[PDB]
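Chemist: Input upload36.pdb, format and content: PDB, C-alpha atoms and all ligand atoms.
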MODEL        1
ATOM      1  CA  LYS A 246      -5.314 -24.572  50.479
ATOM      2  CA  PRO A 247      -2.001 -22.961  51.489
ATOM      3  CA  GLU A 248      -2.048 -20.719  54.572
ATOM      4  CA  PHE A 249      -0.396 -17.325  55.001
ATOM      5  CA  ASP A 250      -0.233 -14.635  57.685
ATOM      6  CA  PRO A 251      -1.534 -11.263  56.374
ATOM      7  CA  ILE A 252      -0.395  -9.413  59.506
ATOM      8  CA  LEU A 253       3.215  -9.698  58.347
ATOM      9  CA  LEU A 254       2.682  -7.172  55.553
ATOM     10  CA  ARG A 255       1.166  -4.505  57.777
ATOM     11  CA  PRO A 256       3.341  -1.385  58.156
ATOM     12  CA  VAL A 257       5.101  -0.998  61.514
ATOM     13  CA  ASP A 258       2.833   1.987  62.183
ATOM     14  CA  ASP A 259      -0.107  -0.362  62.781
ATOM     15  CA  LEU A 260       1.608  -1.512  65.979
ATOM     16  CA  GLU A 261       1.202   1.983  67.411
ATOM     17  CA  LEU A 262       4.631   2.172  69.007
ATOM     18  CA  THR A 263       5.997   5.463  70.287
ATOM     19  CA  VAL A 264       6.961   7.893  67.544
ATOM     20  CA  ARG A 265      10.571   7.363  68.598
ATOM     21  CA  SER A 266      10.449   3.565  68.418
ATOM     22  CA  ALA A 267       8.693   3.705  65.052
ATOM     23  CA  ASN A 268      11.197   6.205  63.644
ATOM     24  CA  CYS A 269      14.176   4.216  64.912
ATOM     25  CA  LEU A 270      12.915   1.043  63.252
ATOM     26  CA  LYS A 271      12.324   2.704  59.874
ATOM     27  CA  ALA A 272      15.850   4.100  60.032
ATOM     28  CA  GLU A 273      17.021   0.466  60.111
ATOM     29  CA  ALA A 274      14.927  -0.370  57.039
ATOM     30  CA  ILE A 275      12.286  -1.975  59.253
ATOM     31  CA  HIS A 276       9.084  -0.777  57.599
ATOM     32  CA  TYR A 277       6.709  -3.706  58.081
ATOM     33  CA  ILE A 278       5.702  -6.115  60.827
ATOM     34  CA  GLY A 279       7.362  -8.885  58.830
ATOM     35  CA  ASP A 280      10.692  -7.041  58.874
ATOM     36  CA  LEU A 281      10.517  -6.488  62.640
ATOM     37  CA  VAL A 282       9.594  -9.978  63.864
ATOM     38  CA  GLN A 283      12.605 -11.304  61.960
ATOM     39  CA  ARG A 284      15.130  -9.182  63.857
ATOM     40  CA  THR A 285      16.412 -10.363  67.230
ATOM     41  CA  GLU A 286      16.701  -8.426  70.487
ATOM     42  CA  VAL A 287      20.503  -8.617  70.496
ATOM     43  CA  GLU A 288      20.561  -7.257  66.944
ATOM     44  CA  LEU A 289      18.085  -4.461  67.682
ATOM     45  CA  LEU A 290      19.874  -3.221  70.809
ATOM     46  CA  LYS A 291      23.046  -3.072  68.700
ATOM     47  CA  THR A 292      21.479  -0.345  66.584
ATOM     48  CA  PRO A 293      22.515   3.280  67.335
ATOM     49  CA  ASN A 294      19.168   4.649  68.467
ATOM     50  CA  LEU A 295      17.451   1.817  70.359
ATOM     51  CA  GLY A 296      17.799   1.145  74.082
ATOM     52  CA  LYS A 297      16.228  -1.100  76.731
ATOM     53  CA  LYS A 298      13.209   1.183  77.061
ATOM     54  CA  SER A 299      12.339   0.835  73.395
ATOM     55  CA  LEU A 300      13.058  -2.900  73.214
ATOM     56  CA  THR A 301      10.793  -3.482  76.215
ATOM     57  CA  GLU A 302       8.066  -1.493  74.479
ATOM     58  CA  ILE A 303       8.596  -3.406  71.221
ATOM     59  CA  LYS A 304       8.552  -6.876  72.806
ATOM     60  CA  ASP A 305       5.424  -5.839  74.691
ATOM     61  CA  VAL A 306       3.496  -4.537  71.687
ATOM     62  CA  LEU A 307       4.438  -7.605  69.638
ATOM     63  CA  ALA A 308       3.435 -10.074  72.342
ATOM     64  CA  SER A 309       0.065  -8.322  72.578
ATOM     65  CA  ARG A 310      -0.609  -9.559  69.059
ATOM     66  CA  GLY A 311       0.829 -13.052  69.495
ATOM     67  CA  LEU A 312       4.146 -12.077  67.928
ATOM     68  CA  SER A 313       7.777 -11.831  68.997
ATOM     69  CA  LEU A 314      11.286 -11.026  67.850
ATOM     70  CA  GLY A 315      13.437 -13.722  66.261
ATOM     71  CA  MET A 316      10.507 -15.168  64.326
ATOM     72  CA  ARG A 317      11.410 -17.308  61.327
ATOM     73  CA  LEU A 318       9.229 -16.639  58.300
ATOM     74  CA  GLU A 319       8.723 -18.442  55.001
ATOM     75  CA  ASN A 320       8.524 -16.748  51.626
ATOM     76  CA  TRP A 321       9.410 -13.214  52.711
ATOM     77  CA  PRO A 322       9.007 -10.497  51.364
ATOM     78  CA  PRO A 323       5.297 -10.223  50.449
ATOM     79  CA  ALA A 324       4.298 -10.532  46.781
ATOM     80  CA  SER A 325       4.265  -7.619  44.342
ATOM     81  CA  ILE A 326       3.258  -6.961  40.751
ATOM     82  CA  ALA A 327       6.407  -6.999  38.640
ATOM     83  CA  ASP A 328       7.201  -3.977  36.476
ATOM     84  CA  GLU A 329       7.378  -4.167  32.686
TER      85      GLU A 329
HETATM   86 NA    NA A 401       6.610 -13.847  49.247
ENDMDL
END
Take the structure in this file and express it as structure tokens.
Modeler:
Amino acid sequence: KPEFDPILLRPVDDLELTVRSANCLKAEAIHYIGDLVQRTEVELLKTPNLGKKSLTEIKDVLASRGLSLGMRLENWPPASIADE
């Protein structure tokens, strides 16, 4: 039986970051936990609206759930029903 990680398809809002951190991530097309864990710190800090404060918060909230940045995933993005 193949194994997957359901947490990856949770929206970034389930992490309960600060409104600012959440809004900054969405602006970078980072809408799910799977999108976020794939980005790296260097890459994130390079974005217009994110600083050290936010990155510290983000690394902290992710670690609290056994996650991190720079995570390699397999078979992303999550499955969807194809249109007709
Ligand atoms: Na997939």
Chemist: Around range 254-258 of chain A, fit a box with edges along x, y and z, padding it by 6 Å on each side, then list its centre and edge lengths in Å to one decimal as JSON.
Modeler:
{"center_x": 3.1, "center_y": -2.6, "center_z": 58.9, "size_x": 15.9, "size_y": 21.2, "size_z": 18.6}
Chemist: Would you mind telling me which residue in A:250, A:273, A:328, A:261 lies nearest to residue 311 in chain A when using all atoms listed in the file?
Modeler: A:250
Chemist: Starting from the PyMOL selection byres (((chain A and resi 253) around 12) and not hetatm), expand the selection into actual residues of this file and give them as a PyMOL selection string.
Modeler: chain A and resi 249-252+254-257+259-260+275-283+307+310-313+316-324
Chemist: (10.7, -2.6, 70.5) in this file's frame - what residues fall within 9 Å of it? Use all atoms listed in the file and give the answer as a VMD selection string.
Modeler: chain A and resid 262 266 to 267 270 281 286 289 295 to 307 314
Chemist: By how many Å are CA of residue 265 in chain A and CA of residue 293 in chain A apart?
Modeler: 12.7 Å
Chemist: Considering all atoms listed in the file, state which residue in the set A:325, A:263, A:285, A:309 is at the smallest distance from ligand NA 401 (chain A).
Modeler: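 Nearest candidate to ligand NA 401 (chain A) out of A:325, A:263, A:285, A:309: A:325.
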Chemist: Give the answer as one residue: which of A:264, A:274, A:308, A:326 has the shortest atom-to-atom distance to ligand NA 401 (chain A), using only C-alpha atoms and all ligand atoms?
Modeler: A:326
